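Novice: just dropping in an experimental structure and the matching sequence.
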Amino acid sequence: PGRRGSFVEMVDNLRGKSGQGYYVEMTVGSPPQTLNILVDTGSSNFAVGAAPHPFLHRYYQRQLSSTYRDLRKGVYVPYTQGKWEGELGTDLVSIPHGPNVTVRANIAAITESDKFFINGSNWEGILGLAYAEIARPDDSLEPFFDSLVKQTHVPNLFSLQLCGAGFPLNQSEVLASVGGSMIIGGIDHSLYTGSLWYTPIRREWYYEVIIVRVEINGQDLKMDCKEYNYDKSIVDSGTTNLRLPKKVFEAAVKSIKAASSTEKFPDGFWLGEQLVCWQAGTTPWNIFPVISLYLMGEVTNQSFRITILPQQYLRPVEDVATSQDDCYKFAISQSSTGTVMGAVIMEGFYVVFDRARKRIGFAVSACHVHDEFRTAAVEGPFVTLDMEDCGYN
Ligand SMILES: CC[C@H](C)Nc1cc(C(=O)N[C@@H](Cc2ccccc2)[C@H](O)[C@H]2CCCN2)cc(S(C)(=O)=O)n1
């Protein structure tokens, strides 16, 4: 049967890109103050710029909102890159291209920050969509999505389609382009092809999952599966790269280098620091391998796999001389805090955060970048034993 899209109001409500973030328009306060907010499934605080900053064109003005409530408490939030400090409060919030509801939510008014805001990113705040366990200052600060579900009839689920262009976008092109969809309270069947396969959410803090096998061009990386989830594996729209635990990163890059060995790349490229360029239209996608991550299934002893292409893990960037060449950075990097399935991997898939059923669904995205010979894939089932042992304690 033909797939129908039943959430037209929310389709195409995101803008942005993997390197700077995907954001949604929101309003806060009375009268409403419009702000662009980065969608982050890897944190749990809703926070907005609330004081002048060289990189902000607008910010939340609490003194102009008649519905503002002061919680008289400070908050500090550190991330992998950047940190900020602010003042807690509550106010009415709406999502113009979202459900037609207004809710009262906790808002951290950012007063000081370091390496958080990004010049020309067009966003002024962050929407932490994960669970209260990781909220700052503590788990008593109800996150936005928990408030939304508690105060309305919106189902306890959201889904994300992050759309990478496959080429660089400047600030003006980002403003004029659709970056994807955040469907609040449902699944839009126009956003994916094939079937949705679900992995259990291991624990409700981050969106934690369990990886049970890793392949590079079908070749098993052959590590003990606990290594892939050391000390956790999470799905994170607020991180650019696919981040892997140090030992896994070292094995994966050795395997990716071996598969792409018909061309030699500098160490700076593999460390994700240096771009590489090819003459216009000549990027040799076929020399780079596909990467498959097998995820624990919902059925006992069953797994499924998601497969990404180099069009996902090679992030388009502009040249140092803005030439006609096609340039990229390697968007796989090391981590000391476990695996992070970041925006570059999410760009291949439609991802369903089914909080109600404690599971995350993946399907091939209708907007993923590919070539005439290969596409991203979500396939299953595979018989996989002792998958619970892949989880790190
Ligand atoms: C998608 C666009 C953002 C700007 N790119 C990022 C953000 C972070 C980060 O700390 N994300 C934060 C959120 C954030 C967004 C924008 C700016 C700063 C931080 C997120 O909450 C993480 C922290 C730990 C678990 N989830 C890390 C990386 S990395 C390591 O790939 O270089 N890339």
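Specialist: The structure has been received and is ready for your questions. Numbering: from 1, shown residues only.

Novice: give the buried residues for stretch 169-188.
Specialist: In terms of neighbour count (16 or more other Cβ atoms under 10 Å), stretch 169-188 has its buried residues at 169, 174, 179-188. For the C-beta atoms, the positions are set from N, CA and C on the backbone; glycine is no exception.

Novice: what residues does this structure put near the ligand?
Specialist: 20-21, 38, 40, 42-43, 79-82, 116, 126, 236, 238-241, 243, 342-343 (Cβ under 6 Å from any ligand atom).

Novice: chain center to the strand or helix carrying residue 316, what's the gap?
Specialist: Assigned by DSSP states H and E, residue 316 belongs to strand 314-317. Taking Cα atoms, centre = their mean, to the nearest Å, the mean C-alpha location of strand 314-317 is offset from the chain mean by 16 Å.

Novice: gap between the helix or strand that comes right after that strand and the chain center?
Specialist: Going down the chain from strand 314-317, the next helix or strand is strand 326-330, by DSSP H and E. Strand 326-330 sits 20 Å away from the centroid of its parent chain (Cα atoms, centre = their mean).

Novice: farthest-apart pair in the buried residues of stretch 169-188, please.
Specialist: Using Cβ to Cβ, the pair of the buried residues of stretch 169-188 lying farthest apart is 169 and 185, separated by 29.1 Å.

Novice: neighbouring strands - and their directions - for the strand holding residue 316?
Specialist: Paired neighbours of strand 314-317 in the sheet (DSSP bridges): strand 326-330 (antiparallel).

Novice: ok so, going back, show residues contacting the strand holding residue 316.
Specialist: If you take Cβ atoms under 8 Å, 6 or more residues apart in numbering as the criterion, strand 314-317 is touched by 18-19, 164-168, 240, 275, 283, 288, 326-331, 344.

Novice: burial of residue 295, as a residue count?
Specialist: Each residue near residue 295 was counted by other Cβ atoms under 10 Å, and the total is 26.

Novice: right, and it touches residue 212 too?
Specialist: Yes: with contact defined as Cβ atoms under 8 Å, residue 295 reaches residue 212; the gap is 6.9 Å.

Novice: what is in contact with those two at once?
Specialist: Joint contacts of residue 295 and residue 212 (Cβ under 8 Å, 6+ apart) are residue 303.

Novice: name the nearest residue to whatever residue of the stretch 251-393 of the chain ends up closest to the ligand, ignoring sequence neighbours.
Specialist: Of all residues in the stretch 251-393 of the chain, residue 343 sits closest to the ligand, at 4.8 Å by Cβ to the nearest ligand atom. Spatial nearest neighbour of residue 343, excluding adjacent residues (Cβ to Cβ, 6 or more residues apart in numbering): residue 18 at 4.0 Å.

Novice: which ones are touching that neighbour?
Specialist: By Cβ under 8 Å, 6+ apart, the neighbours of residue 18 are 162, 164, 240, 315, 331, 342-344, 347.

Novice: likewise for residue 229?
Specialist: Contacts of residue 229 (Cβ under 8 Å, 6+ apart): 210-211, 338-339, 390-392.

Novice: phi, psi of it?
Specialist: Torsion angles at residue 229 (phi, psi; degrees, to the nearest 10) stand at phi -120, psi 30.

Novice: which residue packs closest to it, ignoring adjacent ones?
Specialist: Once flanking residues are discounted, residue 229 sits nearest to residue 392: 5.1 Å by Cβ to Cβ, 6+ apart.

Novice: pull out the buried members of the residues of the chain next to the ligand.
Specialist: 20-21, 38, 40, 42-43, 80, 116, 126, 236, 238-241, 243, 342-343.

Novice: closest point of this structure to the ligand, which residue?
Specialist: Nearest residue of the chain to the ligand: residue 42, at 2.6 Å (Cβ to the nearest ligand atom).

Novice: next, the closest residue to that residue other than its chain neighbours: phi, psi?
Specialist: Leaving aside its sequence neighbours, residue 42 sits nearest to residue 236 (Cβ to Cβ, 6+ apart; 3.4 Å). With angles defined as degrees, to the nearest 10, residue 236 sits at phi -140, psi 100.

Novice: what of residue 126?
Specialist: Main-chain torsions, residue 126, degrees, to the nearest 10: phi -140, psi 140.
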